[PDB]
Structure formats: structure tokens, C-alpha cells
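Enquirer: Protein chains in written order, with the authors' numbering: chain A, 5 to 377; chain B, 4 to 95, 107 to 374. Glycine is no exception: its CB is placed at the ideal position from the N, C-alpha and C atoms. This is the structure I have questions about; it appears just below.
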Amino acid sequence: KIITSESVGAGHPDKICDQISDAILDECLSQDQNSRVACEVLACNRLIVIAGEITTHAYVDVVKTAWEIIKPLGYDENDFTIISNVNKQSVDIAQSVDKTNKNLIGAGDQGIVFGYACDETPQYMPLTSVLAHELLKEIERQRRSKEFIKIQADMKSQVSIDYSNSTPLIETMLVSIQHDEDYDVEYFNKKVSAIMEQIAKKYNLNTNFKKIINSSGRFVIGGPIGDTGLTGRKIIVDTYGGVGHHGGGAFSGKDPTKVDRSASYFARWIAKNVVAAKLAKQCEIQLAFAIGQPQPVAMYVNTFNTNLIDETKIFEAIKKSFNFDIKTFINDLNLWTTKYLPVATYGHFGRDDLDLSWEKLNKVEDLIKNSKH
Amino acid sequence: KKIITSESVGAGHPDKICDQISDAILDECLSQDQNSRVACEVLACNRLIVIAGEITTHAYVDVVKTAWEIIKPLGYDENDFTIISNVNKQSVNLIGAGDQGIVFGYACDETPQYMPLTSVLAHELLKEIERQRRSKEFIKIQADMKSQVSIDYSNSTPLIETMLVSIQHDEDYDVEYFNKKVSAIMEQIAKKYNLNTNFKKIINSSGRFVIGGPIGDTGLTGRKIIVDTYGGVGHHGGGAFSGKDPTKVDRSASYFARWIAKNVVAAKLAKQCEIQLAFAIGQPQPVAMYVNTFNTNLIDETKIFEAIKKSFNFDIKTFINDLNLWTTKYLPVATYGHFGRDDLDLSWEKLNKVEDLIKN
Ligand SMILES: Nc1ncnc2c1ncn2[C@@H]1O[C@H](COP(=O)(O)OP(=O)(O)OP(=O)(O)O)[C@@H](O)[C@H]1O
Ligand SMILES: Nc1ncnc2c1ncn2[C@@H]1O[C@H](COP(=O)(O)OP(=O)(O)OP(=O)(O)O)[C@@H](O)[C@H]1O
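Structure, rendered in C-alpha cells:
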């Protein structure tokens with residue numbers, strides 16, 4: 005039984021787009037917390053089109069902001085044309101979300117979001133996901149600091165784990181990194197091999213696993229240059245690298261009124277606190293929404309027969325422990341005042357390197373109280 | 004109370020406009036050159052449609068002309084959009111995987127389509143509404159529209175909890191007429207799968223939907239990957255299908271995985287079957303395979319793994335030829351799901367491996 009997860013670096017075309025989308029969002033929320041943002045980005049060859057709907061009192065040069073994401077990766081003013089066709093939000097959607105009564109907020113769209121957690125890691129995330137991110141996250145750190153030279157930002161990881169026996173085993177770690185023409189392969193493979201082992205030993209896993217380093221054998225042309233990138237085409241890499249289910253919504257470039265995002269975060273927060281409360285080893289939460297309605301239309305809790313108390317009492321504890329009003333859980337998770345660029349890379353979930361509201365175990369003591377009466 | 008929910012989107016949905024244009028361009032390429040490489044992405048923002056991606060082909064393709072053929076049927080005319088192309092174009107051992115990646119194949123016995131009830135009902139609802147719009151049996155509505163069907167799986171006979179529909183309408187619609195027409199289509203669909211008829215109906219919950227299409231939303235290729243597949247009941251690896259030729263395992267392996275799952279459940283070896291396949295760039299066979307029967311297996315789990323290995327060739331060039339992916343039209347699957355198409359005749363939906371799975 006082999007389960008596999010993937011991640012992509014800051015220089016991946018899709019992740020360039022996700023970063024530019026959240027960077028524009030962050031710049032909007034800083035000035036106007038009441039601003040509606042649905043920012044999509046196409047990066048095709050040397051053309052970057054910034055698009056979507058934005059209504060805001062904020063002054064934002066969308067193009068200037070794109071260049072600030074792009075120079076670090078590190079392209080210059082000669083590398084791209086960057087044009088904006090950014091429109092305004094539909095007044096038809098706005099009337100349904102922003103009520104006349106100032107006290108409810110209605111769902112930004114219809115949709116289904118999944119929240120997942122498990123006890124396999126301190127991050128309460130599947131091992132394969134954590135290892136795939138941490139690998140690229142360490143490589144990108146060394147590239148910016150020049151501890152790992154003659155590599156560029158574009159890169160991918162795939163970590164396969166053999167779950168046959170109850171103690172997990174690393175089967176394969178795969179890495180593709182964009183490199184310079186004049187790289188030393190010895191140096192390159194040693195650097196990658198060392199990072200792969202340092203990471204395996206961190207989660208005290210076997211160290212003898214198969215290492216697949218630049219399997220294509222040439223990776224100089226990266227980024228959008230041969231290629232295409234769009235906002236929200238890495239939604240499984242943003243979440244639970246499979247292991248969990250997904251409803252289809254992308255996160256980057258969307259303000260908190262888009263339930264696709266804020267409800268997904270809210271769902272992560274329940275799942276994580278349920279497993280942290282030791283009520284289950286794995287927990288998946290499905291939430292469904294209707295456009296303009298203030299509360300979820302349907303909710304499903306699945307503990308995968310890893311529940312350590314009665315399944316039914318877990319459903320009750322959650323209903324008693326969490327407010328499901330959309331304006332309320334948005335304020336509770338402080339989504340108006342959270343910077344989203346940091347989660348545009350290396351996953352939205354299990355960020356022990358960040359301090360995200362939806363990762364805090366501040367509901368464990370309420371779930372324990374409400375599972376018993 | 005166990006409530007599972009799936010959604011679908013109509014042909015006029017911005018993302019699905021993009022998926023249609025991407026597969027229409029693919030189809031136009033394969034028609035002339037079966038050896039052509041196509042990775043076509045489309046942005047539709049306000050009145051600008053940008054067609055982009057990589058194409059190597061001997062085929063003559065007016066990418067812009069093809070986009071207009073998808074768009075005119077939906078309402079729009081030559082005055083409604085600017086349509087520009089930035090598509091990068093070129094001329095041209108056995109075949110290795112187009113990329114690394116993970117693909118999931120799912121099947122179950124809940125429907126004749128071997129697909130989750132929530133998915134089938136969500137598609138069939140929009141598929142019937144779109145039919146009546148073109149035939150003018152349902153007037154003063156436009157092509158952009160969404161469905162959400164929630165089913166209560168508590169007891170062993172499934173029960174409709176909620177049907178949701180948003181349809182873009184004209185300024186001068188009659189709400190009485192509109193709500194009656196939707197209510198009637200919702201019931202005729204429920205009765206088709208002989209389900210309860212008393213479920214909750216949510217019709218245009220926003221309360222105004224005149225501004226639709228890419229005006230007041232934005233649309234990209236491959237942002238409806240869960241609506242293209244198993245509407246949340248299955249797992250997904252992250253790859254979108256539309257605009258990609260068969261050498262992209264993301265697509266062809268996903269189809270190959272559907273074909274195993276469906277034939278496994280059709281063979282009566284399980285009620286539900288999920289197949290995970292993992293790939294390495296430049297490798298001719300899958301690197302890992304995982305089989306999940308959700309404890310609904312009717313033979314030993316281990317003997318199902320053996321039967322599949324004996325019953326199917328996992329060479330990527332071989333399963334591409336076996337499923338005839340070079341000669342398959344993909345535009346029809348750009349709307350209303352890639353899987354459980356009893357309204358189409360797809361190679362990866364054929365139960366032509368049941369007798370081989372039983373033998374092995
Ligand atoms: N006034 C309105 N009332 C109701 N629905 C609307 C209105 N305006 C637009 N919509 C619908 O909202 C949809 C949003 O599409 P979609 O579900 O793709 O969300 P998104 O924010 O574009 O991101 P993603 O595609 O990742 O979900 C539009 O395509 C349209 O069908
Ligand atoms: N020589 C190479 N070897 C390995 N990987 C490469 C090579 N050249 C490019 N790549 C990687 O392959 C990627 C293209 O495939 P990828 O699956 O990442 O596409 P995507 O658009 O992100 O995904 P999807 O369309 O399935 O949502 C490039 O962005 C790059 O990261």
C-alpha cells in the first residue's frame with residue numbers, strides 16, 4: 005500500500021500565479037478590510053495577464069505588485085510583459101453576500117469544502133504532504149541564502165510512503181529542480197541527498213529509500229517560459245496532497261467572503277481540534293454552501309473508524325463547540341487581518357513555521373467538555 | 004445523518020467555456036495530426052479571452068475561430084468578446111510519462127453509470143435545463159448555471175436532502191414561471207432514479223443572476239476538476255484534463271484508472287473501487303498502484319490486485335492505444351463530467367474487461 009503526495013516551489017508557473025493573486029489580495033486587505041477580491045492570473049511564456057473582479061477603496065498597482073513577486077525568482081523587467089484586465093465584482097453577487105442588514109454575510113458562492121486532520125505528524129497532516137513541502141521549503145531557503153548555488157526557483161517534489169505495516173516506511177523521494185547550464189551534478193545530487201536524509205531523520209523514518217533527482221536529466225528552461233501557469237491549478241498541493249477529499253475551489257486571490265477559502269480553513273480548524281482532542285486519529289469534515297445563505301446547507305463528519313469515543317457524540321461536540329455563522333467564523337479566525345502570501349507556497353495547512361488562526365488548538369478544551377453530558 | 008453533496012456547472016459557466024475551448028482546440032489538432040502534443044490553457048475575464056499553452060502539430064488550427072464556435076451557441080456574438088492567442092506553436107524507446115503525478119479512478123454500483131448518485135443527478139439536472147433552453151421549452155434563461163445535489167445516505171435506500179440550482183435569467187423573467195419550470199425539472203429527475211420527491215428546493219438563492227458568463231465572474235481551464243471527476247466522493251491528484259493530449263498521463267492514466275475501477279465493480283468484485291496510480295516523468299509504467307474497495311469487496315482484497323495485474327496492460331503507449339485516445343473526441347466530456355457517460359460511447363466506460371477479471 006503506497007500513498008504519494010507532491011509539492012511545487014515558488015518558481016513553479018502555477019505557484020507564481022497563486023503568489024501574485026494573494027499578494028494583490030494582501031495589498032487590498034491592508035488598506036480596505038471590506039474589499040471584495042477574486043484575482044486570477046495567467047502566466048503564458050513571457051505574457052502575464054492579471055484578471056478577476058476587485059471592488060475596494062484601496063490604491064493598488066496590480067502590475068507593480070506582480071513584479072515584486074517575480075524579481076526574487078529572480079526575473080527582471082526584460083523577462084515579461086505584465087498586463088491587467090482586472091474588472092469590478094458583479095453588483096448581482098455583492099447584493100447577496102453584503103446584506104442590507106450589516107450583521108449577516110452570505111456565502112460568496114455555492115460549493116463543497118473538505119477539512120482533514122490526522123495524528124501522523126505534529127502538524128496533524130499526512131506524512132507524504134509534510135515531507136514533500138519541507139523538502140522544497142528547505143531547498144528554496146538555501147537558494148535565496150546561496151547555501152545551495154546554481155539552482156533556480158522552479159522545482160517539484162513527490163514523496164511515496166509504504167503504509168503496508170503499522171510503522172510507516174519511505175518508499176521513494178523524487179525531486180526536479182531547475183538548475184544553471186554550468187551546474188556540478190556531484191554537488192547538486194549530494195546537496196539534494198543530504199536535505200532528503202535530514203528531513204527523513206527529523207520524522208525518525210528509514211533513510212535507505214530510493215532517491216530520484218532530476219529524472220528528466222535536463223531542467224534549465226523553467227517558469228512560465230516553455231509553458232503556462234494559472235491561479236488555483238495546485239489545489240491538491242495547497243490542501244492534503246490527496247489523502248483527503250476536495251470540493252474543487254482554489255484559495256489564492258479570494259477574500260474571506262468566498263466560502264471556498266474561509267470555510268475550507270474553518271473545516272481544517274474543526275478536523276485538527278477533533279484529532280488534537282484525541283477523539284479520533286483521522287477526521288474529515290465536508291461542508292456545503294448556498295450563494296447568499298449565512299450558514300452551511302449540509303455538514304458530514306467522517307472519523308474513518310479511528311474514533312476513540314462514540315461517532316455520534318463527536319458530531320454533537322462539534323455543533324456545541326463551533327459557531328457555523330459565516331461572518332462569525334471569519335471574525336473568529338481573523339481572516340480580514342491575516343496575510344495570505346505565506347500560504348501561497350508550501351501548503352495552506354500544517355504550518356508550524358507560521359501562526360495561522362485555523363491551525364490553533366484553542367477548541368480542544370471545548371470539544372472535551374461538549375462530548376460529555 | 005450522513006449527507007454527501009456534489010455540484011455541476013452548465014456550458015455557459017466561465018470555467019467550462021474555457022474547458023470547452025481547450026478540448027475543441029485539442030480535437031481540431033488530433034483530427035489532422037494524431038502525433039500532436041497539446042497543452043492548451045484559456046483565460047476568460049470580462050470581455051477578454053486569452054488562449055495560451057504549448058502545441059506541436061502538423062495541423063492547421065485557427066485557435067481564435069475555434070473559440071468562437073464554442074461561444075456563439077451560448078448566446079454571444081462577434082461584438083461580445085476580444086479573443087487573442089499567445090499559444091506557443093512548433094512542428095515535430108517507447109513513450110514515457112508526460113509528467114510526474116497521481117491519478118485516481120473510482121466506480122460504484124449506486125447508478126447504471128457506475129457513478130455516485132449526487133454527481134449523476136447534479137449533471138442530469140443542468141443537462142436537462144440546457145436541452146430545454148436550446149429547444150425554447152424553457153424561455154428567458156441563459157447558458158450560465160450551477161447545480162448542487164445533497165443526498166442523505168443514513169439508511170440503505172438513499173434519500174434526496176436538497177436540490178440547489180442557480181440559472182442566469184433575462185431582466186424580464188416571470189419568477190412564478192421560472193420557479194415552476196425548475197421545480198418540475200427537479201422532480202422529473204428525482205423520479206427518473208425513483209427517489210423521494212419531497213426534498214428541499216433552493217432556486218436562485220442569490221435573488222438576481224442577469225450578469226453571468228465571464229462578465230462578473232472569471233474563467234480558467236481546469237478549475238472544475240472535481241466536477242469533471244467524482245464530485246468529492248473520490249480522491250483527486252490535482253491534474254486537470256481539458257486541453258491535454260494522451261501523452262499527459264494526468265488525463266490518459268485517469269481514464270485508464272476509471273476503466274479498471276468500473277470493470278472491477280461491474281465484475282461484482284466490489285460495490286465501490288478506488289485506484290491510485292503514481293507516475294515518474296520519462297518512465298513507461300506507473301511507479302506505484304493502490305486499490306481501495308472500502309471494505310465492500312466480495313472477494314479477498316489480495317486476489318483483486320492480482321486479477322487487475324493479469325487483466326490489464328500498464329504500459330502507457332499500450333493503454334493509450336487500447337482506449338483509442340488518439341481517435342477520441344474530447345469536447346463532449348468538457349461538459350457534464352468525463353465519467354459515467356451513458357449519453358456518450360467512451361472507451362474507458364466499456365465493460366470489455368469483466369470476463370477477464372472473473373477468469374484471473
Ligand atoms: N449574481 C450571481 N448570482 C448567483 N451566482 C452568480 C452570480 N454571478 C455569478 N454567479 C456564479 O458564480 C460562479 C462562480 O464560479 P466558480 O464556482 O468556478 O467559482 P470561482 O470563484 O470562479 O472559483 P472556482 O472556479 O475555483 O470555484 C460563476 O461562474 C457564476 O455561475
Ligand atoms: N525537464 C523537466 N523535468 C521534470 N519536471 C519538469 C521539467 N520541465 C518542467 N518540469 C515541471 O513540469 C511542470 C509542468 O507540469 P505540472 O504538472 O506541474 O503542470 P500544472 O499546470 O502545474 O498542473 P495541472 O495542469 O495538472 O493542474 C513545470 O511547471 C515544471 O515544474
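Taking 6 Å as the cut-off, is the beta-carbon of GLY246 of chain A closer than that to any non-hydrogen atom of ligand 2?
Expert: The residue labelled residue 246 of chain A in the question sits at position 242 within the first sequence. No.
Enquirer: Can you tell me whether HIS137 of chain B is helix, strand or coil according to DSSP?
Expert: Looking up residue 137 of chain B in the second sequence gives position 123. Here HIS137 of chain B sits in helix by DSSP.
Enquirer: If you follow the beta strand (DSSP E) that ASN306 of chain A is part of, which residue opens it and which one closes it?
Expert: As a position in the first sequence, residue 306 of chain A is number 302, starting the count at 1. Looking at the DSSP string, the run of the beta strand (DSSP E) that includes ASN306 of chain A is 302–306.
Enquirer: Tell me, please, whether the segment 251–270 of chain B touches the segment 22–38 of chain B by the rule of three or more beta-carbon pairs shorter than 8 Å.
Expert: Segments in contact, yes.
Enquirer: Give a yes or no on whether the C-beta atoms belonging to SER197 of chain A and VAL179 of chain A are separated by under 7 Å.
Expert: The residue you call residue 197 of chain A lines up with position 193 of the first sequence. The residue you call residue 179 of chain A lines up with position 175 of the first sequence. Not a contact, by the Cβ cut-off of 7 Å.
Enquirer: Return helix, strand or coil for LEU283 of chain A, following the three-state DSSP convention.
Expert: As a first step, residue 283 of chain A is located in the first sequence; it is residue number 279 there, counting from the start. Three-state DSSP puts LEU283 of chain A in coil, outside helix and strand.
Enquirer: Helix or strand or just coil, what does DSSP make of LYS19 of chain B?
Expert: Position 16 of the second sequence, counted from the first residue, corresponds to residue 19 of chain B. Reduced to three states, the DSSP call for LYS19 of chain B is helix.
Enquirer: Over what stretch of residues does the beta strand (DSSP E) that includes residue 4 of chain A continue unbroken?
Expert: Because chain A here runs from 5 to 377, residue 4 of chain A falls outside it and cannot be looked at.
Enquirer: Hey, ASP231 of chain B and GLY15 of chain B: beta-carbon distance below 7 Å or not?
Expert: Counting from 1 along the second sequence, the entry for residue 231 of chain B is found at position 217. Counting from 1 along the second sequence, the entry for residue 15 of chain B is found at position 12. No, the pair does not count as a contact, with Cβ atoms beyond the cut-off.
Enquirer: Please confirm if the segment 183–203 of chain A is in contact with the segment 39–55 of chain A, defined as three or more CB-CB distances below 8 Å between the two stretches.
Expert: No, the segment 183–203 of chain A does not touch the segment 39–55 of chain A.
Enquirer: Count the CB pairs spanning the segment 306–322 of chain A and the segment 164–183 of chain B that are closer than 8 Å, and state whether there are at least three.
Expert: Touching, no, given that fewer than three Cβ pairs across the two stretches are closer than 8 Å.
Enquirer: Would a C-beta distance cut-off of 7 Å place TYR120 of chain B and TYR269 of chain B closer than the cut-off?
Expert: As a working note, residue 120 of chain B is residue 106 in the second sequence. As a working note, residue 269 of chain B is residue 255 in the second sequence. Going by C-beta atoms, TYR120 of chain B is not nearer than 7 Å to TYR269 of chain B.
Enquirer: Of all Cβ atoms in chain A, is any one closer than 7 Å to the Cβ of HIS183 of chain B?
Expert: Translated into the one-based positions of the second sequence, residue 183 of chain B becomes position 169. Not closer than 7 Å to any Cβ of chain A, the Cβ of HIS183 of chain B fails to qualify, so no.
Enquirer: Who are the neighbours of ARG222 of chain B on chain A, taking C-beta pairs under 7 Å?
Expert: Taking the second sequence and counting its residues from 1, the one referred to as residue 222 of chain B is at position 208. Those within 7 Å of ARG222 of chain B in chain A are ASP96, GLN99.
Enquirer: Within the present structure, is the beta-carbon of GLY253 of chain B separated from the nearest heavy atom of ligand 2 by less than 6 Å?
Expert: Residue numbering aside, residue 253 of chain B sits at position 239 when the second sequence is read from its first letter. Yes, the Cβ of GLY253 of chain B comes within 6 Å of a heavy atom of ligand 2.
Enquirer: Give the straight-line distance between the Cα atoms of residue 102 of chain B and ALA294 of chain B, rounded to the nearest whole angstrom.
Expert: Chain B lacks the residues between 95 and 107, and residue 102 of chain B is one of those with no coordinates.
Enquirer: Using three-state DSSP, classify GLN93 of chain A as helix, strand or coil.
Expert: One-based indexing of the first sequence puts residue 93 of chain A at position 89. Here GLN93 of chain A sits in coil by DSSP.
Enquirer: Would you list the one or two residues that DSSP bridges to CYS122 of chain A?
Expert: Against the first sequence, residue 122 of chain A aligns to sequence position 118. Answer by DSSP bridge pairing, in chain order: A:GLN286.
Enquirer: Who are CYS48 of chain B's beta bridge partners in DSSP?
Expert: Here residue 48 of chain B refers to the residue found at position 45 of the second sequence. B:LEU51, B:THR232.
Enquirer: Rounded to the nearest angstrom, how far is the Cβ of residue 98 of chain B from that of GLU175 of chain B, given a contact under 8 Å?
Expert: Note on chain B: consecutive modelled numbers read 95 then 107, so residue 98 of chain B has no coordinates in the structure shown.
Enquirer: Taking 6 Å as the cut-off, is the CB of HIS16 of chain B close to at least one heavy atom of ligand 1?
Expert: To locate residue 16 of chain B, count along the second sequence from 1; it is residue 13. At least one heavy atom of ligand 1 is nearer than 6 Å to the Cβ of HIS16 of chain B, so yes.
Enquirer: Under the three-state reduction of DSSP, which class applies to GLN99 of chain A: helix, strand or coil?
Expert: On the first sequence, position 95 is the one that residue 99 of chain A refers to. Helix at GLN99 of chain A.
Enquirer: Does ligand 1 have even one heavy atom less than 6 Å from the beta-carbon of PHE118 of chain B?
Expert: Translated into positions along the second sequence, residue 118 of chain B becomes position 104. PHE118 of chain B: no, Cβ never under 6 Å from ligand 1.
Enquirer: Do you know whose CA, among A:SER170, A:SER168, A:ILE153, lies nearest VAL189 of chain A's CA?
Expert: Here residue 189 of chain A refers to the residue found at position 185 when the first sequence is read from its first residue. When only C-alpha atoms are compared, the closest one is A:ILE153.
Enquirer: Mind the definition here: the segment 67–83 of chain B touches the segment 278–296 of chain B only if three or more C-beta pairs lie below 8 Å; say whether that holds.
Expert: Contact fails: fewer than three Cβ-Cβ distances are below 8 Å.
Enquirer: Could you tell me if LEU108 of chain B is buried or exposed, where buried requires 16 or more neighbouring beta carbons within 10 angstroms of its beta carbon?
Expert: Numbered from 1 along the second sequence, position 94 holds the residue referred to as residue 108 of chain B. So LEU108 of chain B counts as exposed.
Enquirer: Is there a Cβ from chain A that is less than 7 Å from the Cβ of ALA302 of chain B?
Expert: The count along the second sequence starts at 1 and reaches residue 302 of chain B at position 288. By this cut-off, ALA302 of chain B is an interface position.
Enquirer: Consider the C-beta atom of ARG237 of chain B and the heavy atoms of ligand 1; say whether any pair is separated by less than 6 Å.
Expert: Counting from 1 along the second sequence, the entry for residue 237 of chain B is found at position 223. Yes, ligand 1 has a heavy atom inside 6 Å of this Cβ.
Enquirer: Would you kindly work out how many angstroms separate the C-alpha atoms of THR341 of chain A and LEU33 of chain A, rounded to a whole number?
Expert: Locating residue 341 of chain A in the first sequence gives position 337, where the first residue counts as 1. Locating residue 33 of chain A in the first sequence gives position 29, where the first residue counts as 1. Whole-angstrom Cα-Cα distance: 7 Å.
Enquirer: At a threshold of 6 Å, does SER266 of chain A count as lining ligand 1 (C-beta to nearest heavy atom)?
Expert: Here residue 266 of chain A is taken as the residue at index 262 of the first sequence, counted from 1. No, Cβ of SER266 of chain A sits at least 6 Å from all heavy atoms of ligand 1.
Enquirer: Is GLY233 of chain A near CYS21 of chain A, with beta carbons less than 7 Å apart?
Expert: Position 229 of the first sequence, counting from 1, holds the residue named residue 233 of chain A. Position 17 of the first sequence, counting from 1, holds the residue named residue 21 of chain A. Yes, the Cβ-Cβ distance between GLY233 of chain A and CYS21 of chain A is below 7 Å.
Enquirer: Which residues of the segment 240–261 of chain A have a Cβ closer than 7 Å to any Cβ of chain B? Give them in chain order.
Expert: Per Cβ criterion, the list reads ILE240, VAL241, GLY246, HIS249, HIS250, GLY251, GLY252, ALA254.
Enquirer: I'd like to know whether the C-beta atoms of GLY112 of chain A and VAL263 of chain A end up nearer to each other than 7 Å.
Expert: Along the first sequence, one-based indexing puts residue 112 of chain A at 108. Along the first sequence, one-based indexing puts residue 263 of chain A at 259. Yes, they are a contact pair.
Enquirer: Verify the contact flag: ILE295 of chain B, CB atom, against every heavy atom of ligand 2, threshold strictly below 6 Å.
Expert: If you number the second sequence from 1, residue 295 of chain B lands on position 281. Because some heavy atom of ligand 2 lies under 6 Å away, the Cβ of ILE295 of chain B counts as near it: yes.
Enquirer: Can you find the residues in the same chain that come closer than 7 Å, C-beta to C-beta, to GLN93 of chain B, ignoring five residues on each side of it along the sequence?
Expert: Taking the first residue of the second sequence as position 1, residue 93 of chain B is located at position 90. Cβ within range, chain order: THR59.
Enquirer: Rounded to the nearest angstrom, what separates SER25 of chain B and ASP356 of chain A at their Cα positions?
Expert: Along the second sequence, read from residue 1 onward, the residue named residue 25 of chain B stands at position 22. Along the first sequence, read from residue 1 onward, the residue named residue 356 of chain A stands at position 352. Distance between the alpha carbons of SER25 of chain B and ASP356 of chain A is about 39 Å.
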